[PDB]
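Report on the following structure.
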Amino acid sequence: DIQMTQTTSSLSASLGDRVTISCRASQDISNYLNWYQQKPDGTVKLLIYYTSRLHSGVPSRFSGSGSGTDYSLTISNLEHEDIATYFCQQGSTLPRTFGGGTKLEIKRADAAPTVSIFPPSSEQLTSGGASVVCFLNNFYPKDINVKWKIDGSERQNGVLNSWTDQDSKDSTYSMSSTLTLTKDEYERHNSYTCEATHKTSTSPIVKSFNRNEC
Amino acid sequence: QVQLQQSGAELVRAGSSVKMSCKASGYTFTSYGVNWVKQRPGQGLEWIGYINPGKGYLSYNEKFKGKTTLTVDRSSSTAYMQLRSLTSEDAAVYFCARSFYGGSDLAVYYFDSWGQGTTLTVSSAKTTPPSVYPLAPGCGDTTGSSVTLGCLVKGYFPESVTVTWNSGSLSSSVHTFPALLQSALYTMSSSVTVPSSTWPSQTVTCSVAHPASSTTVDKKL
């Protein structure tokens, strides 16, 4: 099977720049390489076919080039309508394989997480559980690490967390971090601590609350 | 002109069997092969098979020969794809894609026209209704200049939960973190942010409503 490697997983960029998405096949695929664009909300569309040939309606801003095993897509002068996922595939052999994709994000000025810790509510405790959740909210870049401390001790145990898309409106990322305890595990500890490490800070923002203090 | 209309999503139980469709218009159905491509979420695209309604050729990716049948209604310009013995790993998005007018060998084709996609969740788990919790400020969380308030909506099935702060008002400041099934059970969250001038001073309410369960939970916060 030809294994095609989109070496770049996720690519961040400012508007008006030149980006080069890049694809490497395992066999020499004699310039049977095509580039497809997947927009947000599902839509896939053909840009380039046969390495460098453009498709009808694809803007001149897109262009390709490659040979043998290395191929590249160039978006000269990045516009807003190019935020998408770019896939490439070979056409020398069957079955037609594809690359894993490369997502363009928009680079915008740094933003710090507006963090918030949340206590276990009475109604869930009455239901017999405990979900301490943490909102690491509105931040740039996508890189962040969160850290839980049930009392002074760190706990990667039942921390199921939902990351997010780069917002349509303000280009930032938000993130949920649910620590899921039982009414007695919770009932055997006092301070709970959600903890965040982000680009925009040489100080770990820590978020807490004391169980019985209320 | 040229459009490939698909079928409309389906939720199916394990070991079952779907047949999806692909209504094609714009051109002569019979002269352009139709391919089927799968996409597991955040994994690459993937090729299943190809069929041409007028040359008499089928080729399938070898790992899909086992569970797939590409067939055709030449008079309704439709193409169907029977995916059988449906498991967890088969849950994905399935695009049909018109190949271009040549044929099929050392390419001579590329996928020049894609369908809207058809989703297929495969779960052997019944309709469970949501559990709308209030998540309201930590005690001793030293009184900010704005306040974040969130609703944890633990456990439910199927999807299509809505969350709505103040029955529609706080449309910005709100973040719907996407649901993520732990064991069968979906789970979601939503936050809202307002200055201290607006809460506990006022009425912030969370409005979850998962229709295929006939649920409507409101919550004072």
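Here the Cβ positions follow ideal geometry from the backbone for every residue, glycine too, while neighbour counts run over all protein chains shown. The values are calculated or read from the model by the stated rules, or taken from the named source; no laboratory instrument gave them.
For segment A:132-174, give me the residue count where each residue is under 25 Å from B:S171 (Cβ atoms) and small (G, A, S). Residues in segment A:132-174 being under 25 Å from B:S171 (Cβ atoms) and small (G, A, S): 4 in total.
Tell me whether segment B:119-126 contains one or more residues that are assigned to a loop (DSSP other than H, G, I, E, B), within 14 Å of chain A (Cβ to nearest Cβ) and at negative phi.
Pass one, segment B:119-126, residues assigned to a loop (DSSP other than H, G, I, E, B): B:123-126.
Subsequent filtering for residues that are within 14 Å of chain A (Cβ to nearest Cβ) retains none.
Checked segment B:119-126: no residue is assigned to a loop (DSSP other than H, G, I, E, B), within 14 Å of chain A (Cβ to nearest Cβ) and at negative phi.
Collect the residues in segment A:153-205 that are part of a loop (DSSP other than H, G, I, E, B) and either assigned by CATH to the domain that holds A:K103 or under 17 Å from the mean Cα position of the chain (by Cα) (or both), keeping them in residue-number order. Reasoning before the result, please.
Step one: list which residues in segment A:153-205 are part of a loop (DSSP other than H, G, I, E, B), which gives A:155-158, A:163-172, A:187-190, A:199-204.
Correct list: A:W163, A:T164, A:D165, A:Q166, A:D167, A:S168, A:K169, A:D170, A:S171, A:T172, A:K199.
Can you tell me which residue in segment A:188-209 is farthest from B:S191 (Cα to Cα), limited to those that are touching a residue at least 24 places away in the same chain (Cβ under 8 Å) and among the charged types (D, E, K, R)? Filtering first and then ranking leaves A:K199. Taking every residue in segment A:108-131 that is more than 7 Å from every other protein chain (Cβ to nearest Cβ) and pairing it with any residue that is in a helix (DSSP H, G or I) and of a type in the set (S, T, Y), at least 6 positions away or on another chain, the pairs with Cβ-Cβ distances below 8 Å are A:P120/A:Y186; A:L125/A:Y186; A:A130/A:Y186.
Taking segment B:137-191, which residues are crowded, with 21+ Cβ neighbours inside 10 Å, more than 13 Å from chain A (Cβ to nearest Cβ) and either within 25 Å of A:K169 (Cα to Cα) or of a type in the set (K, R) (or both)? Selection gives B:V161, B:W165. Has segment A:35-49 got at least one residue that is surrounded by 15 or more Cβ atoms within 10 Å (Cβ to Cβ) and among the charged types (D, E, K, R)? The answer is yes; a qualifying residue exists.
Yes/no per residue for (1) within 20 Å of A:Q166 (Cα to Cα); (2) out of contact with any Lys or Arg (no Cβ under 6 Å at 6 or more places or on another chain); (3) more than 11 Å from chain B (Cβ to nearest Cβ):
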{"position": "A:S26", "(1), (2), (3)": "no, yes, yes"}
{"position": "A:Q37", "(1), (2), (3)": "yes, no, no"}
{"position": "A:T43", "(1), (2), (3)": "yes, yes, no"}
{"position": "A:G64", "(1), (2), (3)": "no, yes, yes"}
{"position": "A:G91", "(1), (2), (3)": "no, yes, no"}
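The condition of being assigned to a loop (DSSP other than H, G, I, E, B) and in contact (Cβ under 8 Å) with a residue 12 or more places away in the chain holds for B:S76.
Count of segment B:198-221 residues, restricted to those that are part of a loop (DSSP other than H, G, I, E, B), within 15 Å of B:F157 (Cα to Cα) and touching a residue at least 24 places away in the same chain (Cβ under 8 Å), is 6.
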